[PDB]
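Asks: Quick one, start-v9.csv (CSV, C-alpha atoms and all ligand atoms):
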chain,number,residue,atom,x,y,z
M,4,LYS,CA,121.2,99.7,117.2
M,5,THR,CA,122.1,103.4,117.7
M,6,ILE,CA,119.9,106.0,116.1
M,7,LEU,CA,121.0,109.7,116.3
M,8,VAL,CA,118.4,112.5,116.2
M,9,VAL,CA,119.7,116.0,115.3
M,10,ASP,CA,117.5,119.1,115.3
M,11,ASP,CA,118.2,122.6,116.5
M,12,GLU,CA,114.5,122.8,117.6
M,13,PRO,CA,114.3,121.1,121.0
M,14,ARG,CA,110.6,120.3,120.9
M,15,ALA,CA,110.8,118.4,117.6
M,16,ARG,CA,114.1,116.9,118.7
M,17,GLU,CA,113.0,115.5,122.0
M,18,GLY,CA,109.6,114.6,120.7
M,19,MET,CA,111.0,112.3,118.0
M,20,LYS,CA,113.3,110.8,120.7
M,21,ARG,CA,110.3,109.8,122.8
M,22,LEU,CA,108.5,108.5,119.7
M,23,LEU,CA,111.5,106.4,118.7
M,24,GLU,CA,112.2,105.3,122.3
M,25,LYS,CA,108.8,103.9,122.8
M,26,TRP,CA,108.8,102.5,119.2
M,27,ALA,CA,112.1,100.8,120.0
M,28,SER,CA,110.7,99.8,123.5
M,29,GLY,CA,114.3,99.4,124.8
M,30,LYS,CA,115.7,97.5,121.8
M,31,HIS,CA,117.5,100.5,120.2
M,32,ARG,CA,119.6,103.2,121.8
M,33,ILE,CA,118.4,106.7,120.7
M,34,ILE,CA,120.8,109.6,120.9
M,35,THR,CA,120.1,113.4,120.5
M,36,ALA,CA,122.2,116.2,119.2
M,37,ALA,CA,121.1,119.9,119.2
M,38,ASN,CA,123.2,121.0,116.2
M,39,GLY,CA,125.5,119.8,113.4
M,40,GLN,CA,128.8,120.2,115.3
M,41,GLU,CA,127.6,118.0,118.2
M,42,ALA,CA,126.3,115.5,115.6
M,43,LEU,CA,129.7,115.2,113.9
M,44,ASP,CA,131.3,114.6,117.4
M,45,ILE,CA,128.8,111.8,118.2
M,46,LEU,CA,129.4,110.5,114.7
M,47,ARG,CA,133.1,110.4,115.3
M,48,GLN,CA,133.0,109.2,118.9
M,49,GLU,CA,130.3,106.5,118.5
M,50,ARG,CA,129.1,104.2,115.8
M,51,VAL,CA,125.7,105.5,114.6
M,52,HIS,CA,123.7,103.1,112.5
M,53,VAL,CA,120.9,105.5,111.6
M,54,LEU,CA,121.2,109.3,111.4
M,55,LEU,CA,118.0,111.4,111.5
M,56,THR,CA,118.8,115.0,111.1
M,57,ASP,CA,117.1,118.3,110.3
M,58,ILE,CA,118.5,120.2,107.4
M,59,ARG,CA,118.3,123.9,108.3
M,60,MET,CA,120.5,124.3,111.4
M,61,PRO,CA,122.8,127.3,112.1
M,62,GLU,CA,126.3,127.2,110.6
M,63,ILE,CA,126.4,123.4,110.1
M,64,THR,CA,123.4,122.0,108.2
M,65,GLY,CA,122.3,118.4,108.0
M,66,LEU,CA,123.5,118.3,104.5
M,67,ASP,CA,126.9,119.5,105.6
M,68,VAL,CA,127.0,116.8,108.2
M,69,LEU,CA,126.1,114.2,105.6
M,70,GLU,CA,128.8,115.5,103.2
M,71,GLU,CA,131.5,114.9,105.8
M,72,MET,CA,130.0,111.5,106.6
M,73,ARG,CA,129.9,110.3,103.0
M,74,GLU,CA,133.6,110.8,102.3
M,75,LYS,CA,134.2,108.3,105.1
M,76,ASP,CA,132.7,105.1,103.7
M,77,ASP,CA,131.6,103.7,107.1
M,78,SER,CA,128.5,106.0,107.4
M,79,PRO,CA,125.1,105.9,108.9
M,80,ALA,CA,121.9,105.4,106.9
M,81,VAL,CA,120.5,108.9,106.8
M,82,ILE,CA,116.9,110.1,107.0
M,83,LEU,CA,116.5,113.9,106.5
M,84,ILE,CA,113.7,115.7,108.2
M,85,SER,CA,112.8,119.3,107.2
M,86,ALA,CA,109.9,121.6,107.1
M,87,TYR,CA,111.2,123.0,103.8
M,88,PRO,CA,110.1,121.3,100.5
M,89,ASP,CA,113.3,122.3,98.8
M,90,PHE,CA,114.3,120.5,95.6
M,91,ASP,CA,117.9,121.6,96.0
M,92,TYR,CA,118.1,119.9,99.4
M,93,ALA,CA,116.4,116.7,98.1
M,94,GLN,CA,118.7,116.8,95.1
M,95,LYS,CA,121.9,116.9,97.2
M,96,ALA,CA,120.3,114.4,99.6
M,97,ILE,CA,119.9,111.9,96.6
M,98,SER,CA,123.5,112.5,95.5
M,99,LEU,CA,124.6,111.6,99.1
M,100,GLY,CA,122.5,108.5,99.3
M,101,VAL,CA,119.8,109.6,101.8
M,102,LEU,CA,117.1,106.9,102.4
M,103,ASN,CA,114.1,109.3,103.1
M,104,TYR,CA,113.2,113.0,103.2
M,105,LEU,CA,110.4,113.4,105.8
M,106,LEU,CA,108.5,116.7,105.8
M,107,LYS,CA,107.6,118.3,109.1
M,108,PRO,CA,105.4,118.1,111.0
M,109,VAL,CA,106.7,114.7,111.6
M,110,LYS,CA,104.4,111.8,110.8
M,111,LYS,CA,105.4,108.8,112.7
M,112,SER,CA,103.9,106.4,110.2
M,113,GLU,CA,106.5,107.7,107.8
M,114,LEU,CA,109.1,108.1,110.6
M,115,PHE,CA,108.8,104.5,111.7
M,116,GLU,CA,108.7,103.1,108.2
M,117,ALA,CA,111.8,105.1,107.3
M,118,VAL,CA,113.7,104.1,110.5
M,119,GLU,CA,113.0,100.4,109.9
M,120,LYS,CA,114.2,100.7,106.3
M,121,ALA,CA,117.3,102.5,107.7
M,122,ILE,CA,117.8,99.7,110.3
M,123,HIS,CA,117.5,97.1,107.5
M,124,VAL,CA,120.0,99.0,105.2
M,125,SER,CA,122.4,99.2,108.1
M,126,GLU,CA,122.3,95.4,108.5
P,4,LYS,CA,126.8,97.0,80.4
P,5,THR,CA,123.3,97.9,79.2
P,6,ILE,CA,122.2,101.5,79.8
P,7,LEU,CA,118.5,102.3,79.0
P,8,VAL,CA,117.7,106.0,78.2
P,9,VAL,CA,114.0,106.9,78.4
P,10,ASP,CA,112.5,110.2,77.4
P,11,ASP,CA,109.2,111.0,75.6
P,12,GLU,CA,110.8,113.9,73.7
P,13,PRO,CA,112.8,112.4,70.7
P,14,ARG,CA,115.5,115.1,70.5
P,15,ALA,CA,116.4,114.7,74.2
P,16,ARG,CA,116.2,110.9,73.9
P,17,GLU,CA,118.5,110.8,70.9
P,18,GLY,CA,120.8,113.5,72.3
P,19,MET,CA,121.5,111.7,75.6
P,20,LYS,CA,121.8,108.5,73.5
P,21,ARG,CA,124.4,110.0,71.2
P,22,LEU,CA,126.4,111.5,74.1
P,23,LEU,CA,126.4,108.2,76.1
P,24,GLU,CA,127.3,106.3,72.9
P,25,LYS,CA,130.4,108.5,72.5
P,26,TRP,CA,131.4,108.0,76.1
P,27,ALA,CA,130.7,104.3,75.9
P,28,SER,CA,133.0,103.7,72.9
P,29,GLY,CA,131.5,100.3,72.5
P,30,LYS,CA,132.2,99.3,76.1
P,31,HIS,CA,128.6,99.7,77.1
P,32,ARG,CA,125.3,99.2,75.3
P,33,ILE,CA,123.0,102.2,74.9
P,34,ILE,CA,119.4,101.5,74.2
P,35,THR,CA,116.4,103.9,74.3
P,36,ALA,CA,112.7,103.9,75.0
P,37,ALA,CA,110.2,106.7,74.3
P,38,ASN,CA,107.9,106.2,77.3
P,39,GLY,CA,107.4,104.1,80.5
P,40,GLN,CA,105.6,101.3,78.8
P,41,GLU,CA,108.4,100.9,76.3
P,42,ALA,CA,110.8,101.0,79.3
P,43,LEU,CA,108.9,98.4,81.3
P,44,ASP,CA,108.8,96.0,78.4
P,45,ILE,CA,112.6,96.3,77.9
P,46,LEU,CA,113.2,96.1,81.7
P,47,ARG,CA,111.2,92.8,81.9
P,48,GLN,CA,112.8,91.1,78.8
P,49,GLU,CA,116.5,91.9,79.4
P,50,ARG,CA,118.9,92.9,82.2
P,51,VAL,CA,119.3,96.7,82.3
P,52,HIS,CA,122.1,97.8,84.7
P,53,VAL,CA,121.4,101.5,84.5
P,54,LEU,CA,118.1,103.2,84.0
P,55,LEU,CA,118.1,106.9,82.9
P,56,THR,CA,114.6,108.1,82.5
P,57,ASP,CA,112.7,111.3,82.2
P,58,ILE,CA,110.1,111.7,84.9
P,59,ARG,CA,107.2,113.6,83.2
P,60,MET,CA,106.1,111.2,80.5
P,61,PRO,CA,102.6,110.6,79.3
P,62,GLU,CA,100.6,108.0,81.4
P,63,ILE,CA,103.6,106.3,83.1
P,64,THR,CA,106.2,108.6,84.8
P,65,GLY,CA,109.8,107.6,85.4
P,66,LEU,CA,108.8,107.2,89.1
P,67,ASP,CA,106.0,104.9,88.0
P,68,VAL,CA,108.6,102.8,86.1
P,69,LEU,CA,110.6,102.5,89.3
P,70,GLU,CA,107.7,101.3,91.3
P,71,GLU,CA,107.5,98.3,89.0
P,72,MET,CA,111.3,97.8,89.0
P,73,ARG,CA,111.7,97.5,92.8
P,74,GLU,CA,109.2,94.7,92.6
P,75,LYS,CA,111.4,92.9,90.0
P,76,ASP,CA,113.9,90.7,91.7
P,77,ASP,CA,117.0,92.5,90.6
P,78,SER,CA,116.9,96.3,90.0
P,79,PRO,CA,118.7,98.6,87.7
P,80,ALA,CA,120.6,101.5,89.2
P,81,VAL,CA,118.4,104.5,88.4
P,82,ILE,CA,119.3,108.0,87.3
P,83,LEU,CA,116.3,110.4,87.0
P,84,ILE,CA,116.3,113.4,84.7
P,85,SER,CA,113.8,116.2,84.5
P,86,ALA,CA,113.5,119.7,83.3
P,87,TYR,CA,111.6,120.8,86.4
P,88,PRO,CA,113.0,121.2,89.9
P,89,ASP,CA,110.1,119.3,91.6
P,90,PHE,CA,110.5,118.5,95.3
P,91,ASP,CA,107.7,115.9,95.2
P,92,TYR,CA,109.5,114.0,92.4
P,93,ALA,CA,112.7,114.2,94.3
P,94,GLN,CA,111.2,113.0,97.6
P,95,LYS,CA,109.6,110.0,95.9
P,96,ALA,CA,112.9,109.3,94.1
P,97,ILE,CA,114.7,109.3,97.4
P,98,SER,CA,112.1,106.8,98.8
P,99,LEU,CA,112.6,104.8,95.6
P,100,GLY,CA,116.4,104.5,95.8
P,101,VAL,CA,117.4,106.9,93.0
P,102,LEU,CA,121.1,107.5,92.6
P,103,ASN,CA,121.0,110.9,91.0
P,104,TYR,CA,118.4,113.5,89.9
P,105,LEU,CA,119.8,115.7,87.1
P,106,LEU,CA,118.1,118.8,85.7
P,107,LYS,CA,117.7,119.4,82.0
P,108,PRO,CA,119.6,120.8,80.1
P,109,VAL,CA,121.8,117.8,81.1
P,110,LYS,CA,125.4,118.6,81.9
P,111,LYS,CA,128.1,116.2,80.6
P,112,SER,CA,129.9,116.5,84.0
P,113,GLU,CA,126.9,115.5,86.0
P,114,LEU,CA,125.6,112.9,83.5
P,115,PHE,CA,128.8,110.9,83.4
P,116,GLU,CA,129.4,111.1,87.1
P,117,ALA,CA,125.9,109.8,87.7
P,118,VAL,CA,126.5,107.0,85.1
P,119,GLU,CA,129.7,105.9,86.7
P,120,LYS,CA,128.1,106.0,90.1
P,121,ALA,CA,125.3,103.7,88.6
P,122,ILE,CA,127.8,101.5,86.9
P,123,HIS,CA,129.5,100.8,90.2
P,124,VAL,CA,126.3,100.4,92.1
P,125,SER,CA,125.4,97.6,89.7
P,126,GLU,CA,128.9,96.1,89.8
P,127,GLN,CA,128.6,96.3,93.6
P,128,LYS,CA,125.4,94.2,93.4
P,129,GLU,CA,126.8,92.1,90.6
M,201,MG,MG,116.1,123.6,112.1
M,202,MG,MG,109.0,114.5,79.4
What is this file in structure tokens?
Ligand SMILES: [Mg+2]
Ligand SMILES: [Mg+2]
Replies:
Amino acid sequence: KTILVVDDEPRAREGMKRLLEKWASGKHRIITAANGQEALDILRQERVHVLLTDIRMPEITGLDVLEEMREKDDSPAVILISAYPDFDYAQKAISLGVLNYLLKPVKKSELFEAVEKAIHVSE
Amino acid sequence: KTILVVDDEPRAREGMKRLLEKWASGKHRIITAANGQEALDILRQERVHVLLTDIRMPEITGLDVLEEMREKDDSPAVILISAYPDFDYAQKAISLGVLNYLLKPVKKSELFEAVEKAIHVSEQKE
């Protein structure tokens, strides 16, 4: 399937891509977006099964991305990643049906468990 | 449908019960429990479509109730309520499939939107 990683921080972004690319070992296509605007364009142009996005990104946050996705009912399973332990974000994330809220630094035990649950929810 | 309200404080428990009973108008069945053990017992002995539980309760939290419910073969749709804005509770709730996490003092608007969300999540899974 198609998994879309969104993070304005390139290190964290491309690192999770490599982590997911070797975890998938060719079975899943992993896509990368550097901001929310690009994410929405990939989300409109391609069918994304699992969306993994940061929350705090300039102008368009991950939650803003998810709000525009939830109104359309064909929508990816969403895993949020953030360094911020913010109840408000998590609260909105719940309301919008996010599967997991991973705290940075990313722990790939959690990353992989969440992405498999997201793959399953997509199916 | 059967909606189970769980809160260890009686005033809150009866308050949410009374409001939900008014909105139910007999269409839905409102029952209550005072703690997680009470909830677990009800949850094992009858179908509960919607679970509305406080988190901070003595010995067994609302999140602890949910850990037993996802084991059970069919799950209630779950609304969490709490007076405190706790990220750790919220993050666990997310991982546990919670539909909404409302802050006390509960707002009618938020409460009945979450309940209808739950009602349709349960009707979705029949
Ligand atoms: Mg960021
Ligand atoms: Mg309490």
Asks: Residues near residue 122 of chain P, anyone? I mean within 9 Å using all atoms listed in the file, not counting same-chain ones fewer than 4 positions away, as a list in words.
Replies: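 Here the answer would be residues 4, 52, 53, 80, 117, 118, 126 and 127 of chain P.
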Asks: Please check which protein, DNA or RNA residues sit within 6 Å of ligand MG 201 (chain M), counting all atoms listed in the file, and write them as a ChimeraX atom specification.
Replies: /M:10-12,57,59-60
Asks: Take atom CA of residue 100 of chain P and atom CA of residue 125 of chain M and report the distance between them in Å, one decimal.
Replies: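 Separation between atom CA of residue 100 of chain P and atom CA of residue 125 of chain M: 14.7 Å.
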Asks: Residues within 8 Å of ligand MG 202 (chain M) (all atoms listed in the file), as a PyMOL selection string?
Replies: chain P and resi 10-12+57-61+85-86
Asks: Given the point (115.4, 108.6, 110.0) in the coordinates of this file, which residues lie within 7 Å, counting all atoms listed in the file, and how would they look as a list in words?
Replies: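 The residues that fall inside the cut-off are residues 53, 54, 55, 81, 82, 83, 114, 117, 118 and 121 of chain M.
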Asks: So that I can see what lies close to residue 31 of chain P, please list as a VMD selection string the residues with an atom at most 8 Å from it, counting only C-alpha atoms and leaving out residues fewer than 4 positions away in the same chain.
Replies: chain P and resid 4 to 6 24 27
Asks: Within 6 Å of chain P, which residues of chain M show up? Give each one with its shortest atom-to-atom distance in Å (one decimal) and the two atoms involved, counting only C-alpha atoms, rows by chain then rising residue number, as CSV.
Replies:
residue,atom,partner,partner_atom,distance
M:88,CA,P:90,CA,5.9
M:89,CA,P:90,CA,5.9
M:90,CA,P:90,CA,4.3
M:93,CA,P:93,CA,5.9
M:97,CA,P:103,CA,5.8
M:98,CA,P:103,CA,5.4
M:103,CA,P:98,CA,5.4
M:104,CA,P:94,CA,5.9
Asks: Near residue 13 of chain M, within 12 Å and counting only C-alpha atoms, which residues show up once chain neighbours fewer than 4 positions away are dropped, as a compact mmCIF listing (two decimals) with C-alpha atoms, in the frame of the given file?
Replies:
# COMPACT_ATOMS: atom_id res chain seq x y z
CA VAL M 8 118.40 112.50 116.20
CA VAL M 9 119.70 116.00 115.30
CA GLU M 17 113.00 115.50 122.00
CA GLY M 18 109.60 114.60 120.70
CA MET M 19 111.00 112.30 118.00
CA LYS M 20 113.30 110.80 120.70
CA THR M 35 120.10 113.40 120.50
CA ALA M 36 122.20 116.20 119.20
CA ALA M 37 121.10 119.90 119.20
CA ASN M 38 123.20 121.00 116.20
CA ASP M 57 117.10 118.30 110.30
CA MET M 60 120.50 124.30 111.40
Asks: Can you measure atom CA of residue 63 of chain P to atom CA of residue 9 of chain P for me? One decimal in Å is fine.
Replies: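 Those two atoms sit 11.4 Å apart.
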Asks: Using atom CA of residue 5 of chain M and atom CA of residue 32 of chain M as the two end points, give the distance in Å to one decimal.
Replies: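 It comes out at 4.8 Å.
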Asks: When distances are computed from all atoms listed in the file, which of M:73, M:123, M:47, M:16 shows the smallest separation from residue 85 of chain M?
Replies: M:16
Asks: Between M:22, M:110, M:80, M:95, which one has atoms that come closest to residue 52 of chain M, using all atoms listed in the file?
Replies: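 Nearest to residue 52 of chain M: M:80.
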Asks: Counting only C-alpha atoms, what is within 9 Å of residue 33 of chain M, bar same-chain residues fewer than 4 positions away, as a short mmCIF file (atom, residue, chain, number, x, y, z; two decimals) with C-alpha atoms, in the coordinates of the input?
Replies:
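Output file out.cif follows:
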data_model
loop_
_atom_site.label_atom_id
_atom_site.label_comp_id
_atom_site.auth_asym_id
_atom_site.auth_seq_id
_atom_site.Cartn_x
_atom_site.Cartn_y
_atom_site.Cartn_z
CA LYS M 4 121.20 99.70 117.20
CA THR M 5 122.10 103.40 117.70
CA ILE M 6 119.90 106.00 116.10
CA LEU M 7 121.00 109.70 116.30
CA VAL M 8 118.40 112.50 116.20
CA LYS M 20 113.30 110.80 120.70
CA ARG M 21 110.30 109.80 122.80
CA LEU M 23 111.50 106.40 118.70
CA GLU M 24 112.20 105.30 122.30
CA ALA M 27 112.10 100.80 120.00
#
Asks: Which one is closest to residue 38 of chain P: P:55, P:22, P:14, P:65? Count all atoms listed in the file.
Replies: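 With all atoms listed in the file as the atom set, the closest residue is P:65.
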